[PDB]
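So the structure is just underneath, and the comments pick up after that.
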2 protein chains.
Amino acid sequence: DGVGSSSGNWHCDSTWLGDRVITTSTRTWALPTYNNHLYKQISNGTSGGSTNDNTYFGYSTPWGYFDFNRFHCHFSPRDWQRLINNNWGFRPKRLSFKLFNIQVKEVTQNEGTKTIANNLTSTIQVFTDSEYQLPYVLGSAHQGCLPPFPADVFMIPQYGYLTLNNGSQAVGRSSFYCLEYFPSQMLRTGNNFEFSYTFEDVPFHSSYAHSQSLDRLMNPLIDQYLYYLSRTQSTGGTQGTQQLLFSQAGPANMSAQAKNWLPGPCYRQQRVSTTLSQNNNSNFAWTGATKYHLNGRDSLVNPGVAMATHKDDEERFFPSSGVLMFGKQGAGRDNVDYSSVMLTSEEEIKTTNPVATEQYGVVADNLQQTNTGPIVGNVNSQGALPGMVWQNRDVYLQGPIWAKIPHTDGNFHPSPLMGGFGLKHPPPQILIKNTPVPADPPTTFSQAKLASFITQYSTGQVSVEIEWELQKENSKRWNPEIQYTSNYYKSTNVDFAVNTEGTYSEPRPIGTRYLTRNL
Amino acid sequence: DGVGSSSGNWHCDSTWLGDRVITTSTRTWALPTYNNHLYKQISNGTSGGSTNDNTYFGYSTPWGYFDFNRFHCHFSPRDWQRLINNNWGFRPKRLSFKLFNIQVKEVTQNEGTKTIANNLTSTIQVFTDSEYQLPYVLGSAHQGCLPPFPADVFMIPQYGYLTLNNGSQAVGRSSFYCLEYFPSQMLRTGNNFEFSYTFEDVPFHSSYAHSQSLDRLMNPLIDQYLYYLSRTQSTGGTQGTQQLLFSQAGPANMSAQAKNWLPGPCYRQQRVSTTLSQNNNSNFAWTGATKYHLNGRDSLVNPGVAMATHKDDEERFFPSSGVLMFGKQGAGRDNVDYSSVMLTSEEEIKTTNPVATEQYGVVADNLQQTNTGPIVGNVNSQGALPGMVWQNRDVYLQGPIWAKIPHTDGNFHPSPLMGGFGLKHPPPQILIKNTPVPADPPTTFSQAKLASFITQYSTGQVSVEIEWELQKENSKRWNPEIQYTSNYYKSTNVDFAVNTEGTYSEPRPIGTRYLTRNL
């Protein structure tokens with residue numbers, strides 16, 4: 001462990017061993033100094049135009065943290081293709097992390113002349129919340145993950161959290177955390193850091209589509225031995241009389257056959273078309289949105305319960321807030337045009353989950369009588385029922401991977417709504433910070449704390465390795481399958497490559513449900 | 001492994017052990033930073049004046065690579081003489097490579113004042129494509145090899161490759177490679193790198209000339225017991241009549257004797273003389289050139305199939321594109337005069353291979369009859385025939401060494417047309433790159449990737465060692481032999497030495513076929 005020797009090699013690879021696949025990636029990071037080594041109370045109440053729905057209260061810390069909760073951080077596009085085109089399901093098993101080749105540099109800004117030199121004696125601090133004692137900030141689709149293209153250098157995000165509030169004020173249950181209160185490890189140039197982690201058991205992800213629909217499971221050649229009320233009036237003429245009349249459903253009345261199962265739950269959203277002329281001429285992006293009310297404040301249901309994006313022949317429609325929406329390369333931050341974002345589509349689950357923009361069904365509304373015609377009413381939101389079967393939301397190459405299940409008393413099907421694996425003990429957070437170095441102190445003692453430090457930052461490499469378990473397909477389907485492939489026609493650039501400027505780009509989102517399977 | 005200790009010694013030598021000879025050379029290299037650590041799409045279509053024949057599409061990488069595919073990189077001129085004057089053939093056996101004494105320096109450009117300092121903590125990355133997964137760019141006679149004179153310092157070339165295209169656009173089969181996706185090794189000052197390699201079996205190079213011609217293998221004293229049609233008319237007067245007349249060829253008609261073998265294949269090229277007045281007054285360097293048509297675009301046949309440069313007493317002639325052409329020291333790049341280049345000559349293979357500027361022969365053209373005189377026609381291109389025997393193109397002290405055989409289904413005599421050894425698993429490519437070091441990042445998080453780095457470069461030593469196998473001659477020739485020797489008459493400078501300026505120079509090309517041998 002000397003200054004003149006490296007502390008690790010560049011491991012970036014992926015191997016396939018059958019039911020196993022082991023990904024490995026390495027990147028170069030840079031860590032600035034946040035908040036001038038200060039903790040700061042941050043808050044925003046209903047002051048100004050800030051509505052009650054957007055109030056908060058929390059703290060910003062001088063620490064940074066690593067993030068790789070994104071699939072494209074570990075799979076090349078070719079590897080994603082290899083995976084999704086040949087396997088029915090998969091799940092992670094283990095993980096390894098490593099930091100090495102640390103180098104700290106200080107910057108002297110003198111009369112515009114900016115100079116950078118090495119500071120061989122400075123340190124950084126690193127520790128992992130292996131006991132889940134800090135607010136778990138990962139799993140919220142924040143930026144700052146590892147770049148997709150390994151040749152990119154990225155900046156480490158700053159750590160901050162929120163707690164309970166009342167407007168812009170705190171309450172008696174508000175918590176304050178000081179990260180320095182944790183046992184941490186200090187590294188100089190020549191030290192390295194690493195640790196390992198094991199995933200808890202979790203069901204495989206359903207990387208397939210169903211080749212049958214829920215309402216078409218019967219034999220199309222034979223009838224049932226059951227009966228159903230086929231008619232409640234006399235089949236005669238204009239003098240119809242009350243009668244109770246039954247028949248056996250069969251091939252010509254499959255809509256009436258008795259069934260054993262039932263579609264999954266729903267929470268109706270607002271439908272909107274990509275043909276601007278087909279929409280209402282008014283701004284109802286927030287007014288007509290599907291929200292939920294909690295503690296007096298309202299919140300948008302995004303993306304909400306996994307439901308079918310649209311029924312057949314209606315690809316121009318999509319739920320207002322029921323679809324993951326990625327932005328194209330170099331897209332602006334606020335209020336961009338539709339042409340710069342890429343909409344996903346969960347159409348593949350039409351077989352079991354209801355369409356997100358229609359009612360679950362229709363149910364009896366009153367007690368019919370001789371003088372009262374029967375009335376029926378729409379169901380726009382339906383909780384779980386015994387016999388319901390549904391599918392989860394699909395994952396994507398540039399989507400999240402896992403999320404932490406909130407530690408509460410009860411829950412129901414703890415799969416993350418944004419898609420991925422829900423865990424009780426997710427991979428622990430990894431935090432990092434530059435150790436402060438004070439400038440020259442005064443010559444006489446003073447009680448006041450130091451406030452002048454040397455401006456500096458640091459950089460180094462980081463590597464992650466994940467082992468995945470595979471579930472190979474075992475189909476007996478005769479005809480060929482649908483596979484994700486790239487276009488065969490000539491184009492100016494190559495998909496998933498660099499421009500003439502070296503700017504990486506992803507042309508479209510990529511799901512994982514291509515293979516098929518019976519219900 | 002400390003900063004204050006060297007990591008290797010200067011090994012530059014050559015030893016002879018009988019059938020073995022072991023060369024060893026060491027040089028000093030310098031590696032800049034290419035493309036500002038960016039991959040860039042490069043292409044050129046039929047736009048502008050660029051003809052369809054010169055379109056391409058590919059990528060330029062921020063990596064450099066080592067090259068020693070040149071004979072003068074391992075043999076001194078004296079050693080080349082020692083080798084070619086005493087052995088019939090040779091071939092390589094093993095190879096060893098080594099990097100050491102690395103030192104990285106960063107340059108600060110401030111107000112014209114350029115300062116250079118050491119950066120003890122920076123690294124470089126090095127790896128070898130030992131599985132031939134990257135486009136093999138070596139074996140194309142590119143510049144950037146090790147300098148001939150060991151006292152020179154050289155610059156490492158930049159790596160780039162090409163793929164399929166349509167004009168200036170890519171197609172569905174175009175491939176894009178990211179070199180960072182390979183497992184690589186990182187070295188600081190004090191680390192070293194090395195590896196070994198073994199050559200596959202390969203026939204010896206024919207370092208000799210034939211003392212007999214193919215058409216003069218018979219005994220000059222005895223006749224044959226065979227016959228040949230000697231005459232088809234009556235030997236009488238002006239009243240010649242049809243007759244079938246035969247005789248035995250012997251010493252006086254060796255051109256008519258029956259033979260067992262046949263000259264090698266040919267592909268006729270255009271002849272041109274060094275006496276400017278003897279050539280046609282028109283520009284036909286491209287129009288009259290020998291080309292070949294592939295995928296709609298035409299390409300020049302250079303240097304083409306190994307054929308004799310010229311027949312006896314015609315040394316002023318040479319094929320337009322059938323001869324390796326080296327440039328003298330300090331020669332310009334584009335459109336220099338003939339007086340500044342050095343033409344080789346494959347005259348030594350006149351015994352078996354056809355002259356490159358004449359027809360292979362002449363063959364029957366129609367069915368002769370009493371009323372139809374026989375017609376015969378030239379053959380200007382001839383494929384392989386059973387019984388053909390030919391020789392390969394000669395190698396040179398400043399020529400290439402090996403080339404990689406393209407991985408296809410079929411081939412035919414896979415010897416590189418430019419001369420040398422054809423291999424299925426050539427020595428692997430060695431790639432190198434400066435690890436990027438970002439400047440001070442901003443104080444608040446930002447999604448955009450880093451784009452400001454510290455300007456730096458690196459340098460060090462490199463050594464190569466190759467073991468060769470020899471094939472000693474076993475002649476019984478009585479009279480003395482032809483040997484390559486230097487001129488005995490006084491001159492201003494010494495061949496293969498430095499000027500008064502220390503500029504090394506090579507006065508002429510040097511083949512390897514001096515000794516003789518029977519057919």
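In the structure tokens, each chain is lettered A, B, ... as it comes, each chain's residues begin at 1, and ligands are numbered from 1 in order of appearance.
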
Residues of chain B within 7 Å of chain A, using only C-alpha atoms, as number ranges by chain?
B: 2-3, 38-42, 120-121, 169-172, 176, 180-191, 440-443, 445, 447, 449-450

Near residue 207 of chain A, counting only C-alpha atoms, which residues have an atom at most 7 Å away, once you skip same-chain residues fewer than 2 positions from it, shown as number ranges by chain?
A: 88-89, 205, 512-513

Could you save those same residues with C-alpha atoms as a compact mmCIF listing (two decimals), in the first residue's frame?
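Printed below is selection.txt as written:
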```txt
# COMPACT_ATOMS: atom_id res chain seq x y z
CA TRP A 88 -38.64 -16.49 -18.83
CA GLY A 89 -37.51 -14.84 -15.60
CA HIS A 205 -39.57 -11.26 -12.58
CA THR A 512 -38.51 -7.43 -21.21
CA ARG A 513 -41.72 -9.26 -22.18
```

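Running DSSP on the backbone gives alpha helix (DSSP H) for these residues within segment 23-217 of chain B: residues 77, 78, 79, 80, 81, 82, 83 and 84 of chain B.
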
Residues as selected, C-alpha atoms, written as a short mmCIF file (atom, residue, chain, number, x, y, z; two decimals), in the first residue's frame, can you do that?
```cif
data_model
loop_
_atom_site.label_atom_id
_atom_site.label_comp_id
_atom_site.auth_asym_id
_atom_site.auth_seq_id
_atom_site.Cartn_x
_atom_site.Cartn_y
_atom_site.Cartn_z
CA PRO B 77 21.52 -4.03 -40.51
CA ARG B 78 24.57 -6.07 -39.56
CA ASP B 79 22.29 -8.74 -38.11
CA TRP B 80 20.14 -8.74 -41.24
CA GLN B 81 23.31 -9.33 -43.24
CA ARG B 82 24.45 -12.12 -40.92
CA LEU B 83 21.06 -13.78 -41.32
CA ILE B 84 20.48 -13.48 -45.05
#
```

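Between atom CA of residue 261 of chain A and atom CA of residue 354 of chain A the separation is 13.6 Å.
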
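With distances restricted to only C-alpha atoms, A:162 is the closest residue to residue 58 of chain A from A:367, A:162, A:464, A:141.
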
When DSSP is applied to the backbone of this structure, which of segment 85-211 of chain B are assigned strand (DSSP E)? Write them out as a PyMOL selection string.
chain B and resi 87-110+113-118+124-128+153-155+158-162+185-187+193-198+209-210

Neighbour list for segment 414-424 of chain A as a count of residues only, cut-off 8 Å, only C-alpha atoms, skip fewer than 2 positions in-chain:
23

Hey, what's within 8 Å of segment 243-260 of chain B if we count only C-alpha atoms and toss same-chain stuff fewer than 2 positions away? As a PyMOL selection string, please?
chain B and resi 215-216+219-234+241+262+387

Let's have the selection written as a PDB file, in the first residue's frame, with N, CA, C and O atoms.
```
ATOM      1  N   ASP B 215      11.672 -24.447 -67.050  1.00  0.00           N
ATOM      2  CA  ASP B 215      11.658 -25.015 -68.389  1.00  0.00           C
ATOM      3  C   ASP B 215      13.004 -25.586 -68.811  1.00  0.00           C
ATOM      4  O   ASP B 215      13.203 -25.854 -69.999  1.00  0.00           O
ATOM      5  N   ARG B 216      13.935 -25.759 -67.881  1.00  0.00           N
ATOM      6  CA  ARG B 216      15.265 -26.265 -68.197  1.00  0.00           C
ATOM      7  C   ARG B 216      15.666 -27.330 -67.187  1.00  0.00           C
ATOM      8  O   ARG B 216      16.759 -27.306 -66.621  1.00  0.00           O
ATOM      9  N   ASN B 219      17.830 -33.329 -69.007  1.00  0.00           N
ATOM     10  CA  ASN B 219      19.232 -33.610 -69.270  1.00  0.00           C
ATOM     11  C   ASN B 219      19.590 -33.078 -70.650  1.00  0.00           C
ATOM     12  O   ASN B 219      18.911 -33.414 -71.625  1.00  0.00           O
ATOM     13  N   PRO B 220      20.637 -32.268 -70.784  1.00  0.00           N
ATOM     14  CA  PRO B 220      20.921 -31.651 -72.084  1.00  0.00           C
ATOM     15  C   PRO B 220      21.626 -32.572 -73.055  1.00  0.00           C
ATOM     16  O   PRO B 220      21.920 -32.145 -74.179  1.00  0.00           O
ATOM     17  N   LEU B 221      21.917 -33.810 -72.676  1.00  0.00           N
ATOM     18  CA  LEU B 221      22.670 -34.709 -73.533  1.00  0.00           C
ATOM     19  C   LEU B 221      21.829 -35.803 -74.170  1.00  0.00           C
ATOM     20  O   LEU B 221      22.237 -36.343 -75.204  1.00  0.00           O
ATOM     21  N   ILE B 222      20.680 -36.141 -73.601  1.00  0.00           N
ATOM     22  CA  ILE B 222      19.905 -37.299 -74.023  1.00  0.00           C
ATOM     23  C   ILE B 222      18.549 -36.833 -74.524  1.00  0.00           C
ATOM     24  O   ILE B 222      18.034 -35.802 -74.082  1.00  0.00           O
ATOM     25  N   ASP B 223      17.973 -37.595 -75.445  1.00  0.00           N
ATOM     26  CA  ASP B 223      16.647 -37.292 -75.950  1.00  0.00           C
ATOM     27  C   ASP B 223      15.582 -37.937 -75.078  1.00  0.00           C
ATOM     28  O   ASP B 223      15.872 -38.627 -74.098  1.00  0.00           O
ATOM     29  N   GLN B 224      14.330 -37.696 -75.441  1.00  0.00           N
ATOM     30  CA  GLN B 224      13.212 -38.355 -74.790  1.00  0.00           C
ATOM     31  C   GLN B 224      12.719 -39.509 -75.649  1.00  0.00           C
ATOM     32  O   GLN B 224      12.926 -39.546 -76.863  1.00  0.00           O
ATOM     33  N   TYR B 225      12.054 -40.457 -75.004  1.00  0.00           N
ATOM     34  CA  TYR B 225      11.407 -41.528 -75.738  1.00  0.00           C
ATOM     35  C   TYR B 225      10.005 -41.162 -76.188  1.00  0.00           C
ATOM     36  O   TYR B 225       9.335 -41.990 -76.811  1.00  0.00           O
ATOM     37  N   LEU B 226       9.547 -39.950 -75.889  1.00  0.00           N
ATOM     38  CA  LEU B 226       8.228 -39.520 -76.312  1.00  0.00           C
ATOM     39  C   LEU B 226       8.305 -38.909 -77.700  1.00  0.00           C
ATOM     40  O   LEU B 226       9.383 -38.743 -78.271  1.00  0.00           O
ATOM     41  N   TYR B 227       7.145 -38.571 -78.245  1.00  0.00           N
ATOM     42  CA  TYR B 227       7.061 -37.893 -79.523  1.00  0.00           C
ATOM     43  C   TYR B 227       6.135 -36.695 -79.417  1.00  0.00           C
ATOM     44  O   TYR B 227       5.379 -36.546 -78.455  1.00  0.00           O
ATOM     45  N   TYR B 228       6.201 -35.839 -80.428  1.00  0.00           N
ATOM     46  CA  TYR B 228       5.320 -34.690 -80.513  1.00  0.00           C
ATOM     47  C   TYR B 228       5.041 -34.406 -81.976  1.00  0.00           C
ATOM     48  O   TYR B 228       5.875 -34.672 -82.843  1.00  0.00           O
ATOM     49  N   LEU B 229       3.860 -33.865 -82.244  1.00  0.00           N
ATOM     50  CA  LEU B 229       3.518 -33.482 -83.606  1.00  0.00           C
ATOM     51  C   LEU B 229       4.487 -32.410 -84.062  1.00  0.00           C
ATOM     52  O   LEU B 229       4.430 -31.269 -83.598  1.00  0.00           O
ATOM     53  N   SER B 230       5.389 -32.774 -84.971  1.00  0.00           N
ATOM     54  CA  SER B 230       6.437 -31.871 -85.405  1.00  0.00           C
ATOM     55  C   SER B 230       6.061 -31.037 -86.611  1.00  0.00           C
ATOM     56  O   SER B 230       6.670 -29.988 -86.829  1.00  0.00           O
ATOM     57  N   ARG B 231       5.076 -31.468 -87.387  1.00  0.00           N
ATOM     58  CA  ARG B 231       4.751 -30.812 -88.640  1.00  0.00           C
ATOM     59  C   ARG B 231       3.430 -31.346 -89.163  1.00  0.00           C
ATOM     60  O   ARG B 231       3.187 -32.554 -89.137  1.00  0.00           O
ATOM     61  N   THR B 232       2.573 -30.490 -89.708  1.00  0.00           N
ATOM     62  CA  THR B 232       1.294 -30.995 -90.242  1.00  0.00           C
ATOM     63  C   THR B 232       1.221 -30.750 -91.742  1.00  0.00           C
ATOM     64  O   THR B 232       0.128 -30.614 -92.241  1.00  0.00           O
ATOM     65  N   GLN B 233       2.345 -30.666 -92.430  1.00  0.00           N
ATOM     66  CA  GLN B 233       2.239 -30.499 -93.896  1.00  0.00           C
ATOM     67  C   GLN B 233       3.354 -31.268 -94.581  1.00  0.00           C
ATOM     68  O   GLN B 233       4.240 -31.739 -93.905  1.00  0.00           O
ATOM     69  N   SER B 234       3.302 -31.368 -95.899  1.00  0.00           N
ATOM     70  CA  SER B 234       4.313 -32.190 -96.598  1.00  0.00           C
ATOM     71  C   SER B 234       5.611 -31.419 -96.810  1.00  0.00           C
ATOM     72  O   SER B 234       5.571 -30.326 -97.383  1.00  0.00           O
ATOM     73  N   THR B 241       1.084 -30.990 -98.919  1.00  0.00           N
ATOM     74  CA  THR B 241      -0.166 -31.773 -98.719  1.00  0.00           C
ATOM     75  C   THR B 241      -0.289 -32.179 -97.243  1.00  0.00           C
ATOM     76  O   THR B 241       0.758 -32.331 -96.584  1.00  0.00           O
ATOM     77  N   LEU B 262       4.293 -26.723 -64.254  1.00  0.00           N
ATOM     78  CA  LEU B 262       3.694 -25.588 -64.928  1.00  0.00           C
ATOM     79  C   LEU B 262       3.884 -24.324 -64.105  1.00  0.00           C
ATOM     80  O   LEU B 262       3.859 -24.371 -62.874  1.00  0.00           O
ATOM     81  N   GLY B 387      -0.657 -28.972 -61.009  1.00  0.00           N
ATOM     82  CA  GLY B 387       0.701 -28.996 -61.497  1.00  0.00           C
ATOM     83  C   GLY B 387       1.393 -27.651 -61.505  1.00  0.00           C
ATOM     84  O   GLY B 387       2.504 -27.550 -62.033  1.00  0.00           O
TER      85      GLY B 387
END
```

What is the atom CA of residue 167 of chain A-atom CA of residue 52 of chain A distance in Å, reported with one decimal?
7.2 Å
